[PDB]
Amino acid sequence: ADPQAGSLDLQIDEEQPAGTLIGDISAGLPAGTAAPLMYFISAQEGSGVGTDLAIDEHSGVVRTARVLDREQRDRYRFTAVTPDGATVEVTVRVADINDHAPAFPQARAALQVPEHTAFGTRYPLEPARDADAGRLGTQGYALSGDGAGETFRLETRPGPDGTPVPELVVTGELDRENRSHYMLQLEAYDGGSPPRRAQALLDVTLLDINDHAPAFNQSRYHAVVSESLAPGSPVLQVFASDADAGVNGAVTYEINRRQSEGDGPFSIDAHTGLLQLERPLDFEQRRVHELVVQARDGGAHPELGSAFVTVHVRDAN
């Protein structure tokens, strides 16, 4: 209501040519003012007014001195002053255009998830960047592919600025000994009049946990040998297997030396499972040897299997 101090709100789209019209300072004066001879312009240091705006201090017309980027600077403010001391406070808001599509950091992302991971475990995914503001930035996500919906679901919760960030949530059982690789597709989109969109492929691979123990293929094995059998010679081979991968499934063999009976003359090959004779037998001191052989895998805390081995020793003559 004070003629001495007015204000003016101007608007301009980003990314327009240098020289584009913004407005006219005189529009902010009281109606019916004699056109001033000149305008003084006050802007604070750092405002970008001198570099981005071209103000005709005689006519009061405001243009762009350069192509303006909302993503870099979105607002300019200055005061215009007449030679007799009246002021017009003007603000220019730079209008956002959708010059940015959503963008993932990789077209192919790879996520390792341990088999049998607990229901509800969350893996935050890389967002799709979009520099634009509000609805012009990234608005949502959609996940497709095998397991999408039943074994994995996608969920978004807003981080800072309300930028939705996506997380992949384990919702079914994962078993590396059934299916160890999932090929997922993640889509993103902003909110333009036709949204601009991004796609990324997500390769999920199951890490092996040590959820199987070695199992022998017989519960008891039997060998029959002569008491004359020469040391260093084989007696019997046992076989255990383990369904895991890598160290978790790498089986080694030993003889249990506490609970076996007739233990001393024998040893077993830690990797082939071949039991061999180390010292001579004697029918008259022991006719039958009852051993237990054990298989362990290479896991962090190895899992164990065992089997019985009965060696029958026959008298020489």
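Note that residue numbering follows the sequence shown and begins at 1.
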Stretch with the greater mean C-alpha B-factor as recorded in the entry, comparing 154-162 against 119-127: 154-162
Stretch with the greater mean C-alpha B-factor as recorded in the entry, comparing 102-110 against 239-247: 102-110
C-alpha B-factor winner, where the candidates are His212, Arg135, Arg179, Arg75: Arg135
Selection from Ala18, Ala295, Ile25, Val309 [criterion: highest C-alpha temperature factor in the record]: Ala18
Third of chain Cα B-factors occupied by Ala148: middle
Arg66 - Cα temperature factor, lowest/middle/highest third of chain: highest
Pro265 by Cα B-factor - lowest, middle or highest third of the modelled chain: lowest
Modelled-residue ranking by C-alpha temperature factor, third containing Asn217: middle
Where the record places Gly48 (Cα B-factor, split into thirds across the chain): highest
